[PDB]
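All residue numbers refer to positions in the sequence shown, counting from 1. Computed over heavy atoms, backbone and side chain alike; hydrogens, waters and symmetry mates excluded.
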Amino acid sequence: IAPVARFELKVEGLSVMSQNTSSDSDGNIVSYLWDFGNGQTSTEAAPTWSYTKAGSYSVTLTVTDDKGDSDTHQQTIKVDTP
Ligand SMILES: [Cl-]
Ligand SMILES: [Cl-]
Ligand code: NA
């Protein structure tokens, strides 16, 4: 129900850009934990990142709001080398 974690990704080769499309009907989102499925994380709203090895990676976003509630979304992506 609230908050709702959500994002969309744009993949270029091994590199990924994000758009944060999260929301909260009962408060305000104050923090983010992105988890790129490779051991890397970020606290940015809409980070850019990259991988080294071609493969399948799960990208997870957790959002947390002003009342201390969290929600998580995931997307698995393919990335390839040249
Ligand atoms: Cl990698
Ligand atoms: Cl994909
Ligand atoms: Na709100």
Side-chain angles (χ1 to χ4, degrees):
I1 26 208
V4 181
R6 195 177 60 170
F7 59 79
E8 301 187 8
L9 302 181
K10 187 194 77 71
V11 175
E12 292 207 333
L14 292 170
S15 189
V16 190
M17 302 180 62
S18 65
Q19 183 193 213
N20 198 318
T21 66
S22 301
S23 63
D24 195 343
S25 61
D26 188 35
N28 298 285
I29 295 167
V30 303
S31 69
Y32 306 95
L33 190 285
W34 288 87
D35 164 354
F36 305 138
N38 68 338
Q40 296 177 327
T41 65
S42 179
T43 67
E44 303 179 11
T48 306
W49 65 102
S50 61
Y51 302 95
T52 295
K53 196 178 192 177
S56 185
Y57 299 90
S58 297
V59 178
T60 305
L61 172 63
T62 294
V63 305
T64 304
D65 78 1
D66 63 297
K67 47 178 178 38
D69 298 327
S70 298
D71 188 57
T72 304
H73 180 61
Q74 192 188 263
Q75 182 180 152
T76 297
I77 54 172
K78 290 202 202 36
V79 302
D80 202 3
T81 45

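Separation of atoms CG (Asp35) and CG (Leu61) is listed at 9.5 Å; rounding is to 0.5 Å. Taking NZ from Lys78 and OG from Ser56, the interatomic distance works out to 6.5 Å, rounded to the nearest 0.5 Å.
Here the closest heavy-atom approach between residue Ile29 and residue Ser23 is recorded as CD1-O, 3.6 Å. Counting all heavy atoms, side chain and backbone alike, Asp65 lies closest to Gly27 at OD2-CA, 4.5 Å. In this structure, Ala5 and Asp71 approach most closely via the heavy-atom pair N-OD2, 2.9 Å.
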Audit row: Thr62, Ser70, side chain to side chain donor-acceptor pair (under 3.5 Å) steps and yes/no
CA-CA 7 Å; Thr62 294; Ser70 298; over 6 Å; no

Under the criterion side chain to side chain contact (heavy atoms under 4.5 Å, CB included), I'd like the reasoning laid out for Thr52 against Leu14: C-alpha separation, chi angles, the key distance, then a yes or no.
CA-CA 7 Å; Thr52 295; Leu14 292 170; 5.8 Å; no

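Panel note: side chain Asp66, backbone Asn28; a donor-acceptor pair is recorded below 3.5 Å. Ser22 contributes a side-chain N or O that, together with a main-chain N or O of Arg6, makes up a donor-acceptor pair within less than 3.5 Å.
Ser50 pairs by the side-chain contact (heavy atoms from CB on, under 4.5 Å) definition with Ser15, not counting sequence neighbours. For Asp69, the salt bridge (charged side-chain N to carboxylate O under 4.0 Å, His left out) criterion is met by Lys67, not counting sequence neighbours. Here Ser18 pairs with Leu9, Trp34, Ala46, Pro47, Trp49 under the side-chain contact (heavy atoms from CB on, under 4.5 Å) rule; sequence neighbours left out. Taking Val11 as the reference, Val16, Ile77, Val79 meet the side-chain contact (heavy atoms from CB on, under 4.5 Å) condition, with sequence neighbours excluded.
Looking at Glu12 and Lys10, a side-chain N of the basic residue comes within less than 4.0 Å of a carboxylate O on the acidic one, giving a salt bridge.
Among residue pairs with one or both ends in residues 36-45, those qualifying as side chain to side chain donor-acceptor pair (under 3.5 Å) are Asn38-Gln40; sequence neighbours excluded. Listed by first then second residue, pairs satisfying ring pair (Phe, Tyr, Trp, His ring centres under 6.0 Å) with a partner in residues 57-82 read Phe7-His73, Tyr51-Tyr57, not counting sequence neighbours.
Side-chain heavy atoms closer than 4.5 Å link hydrophobic residues (I, L, V, M, F, W, Y) into clusters, and following such links, even through other members, never connects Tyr32 to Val4.
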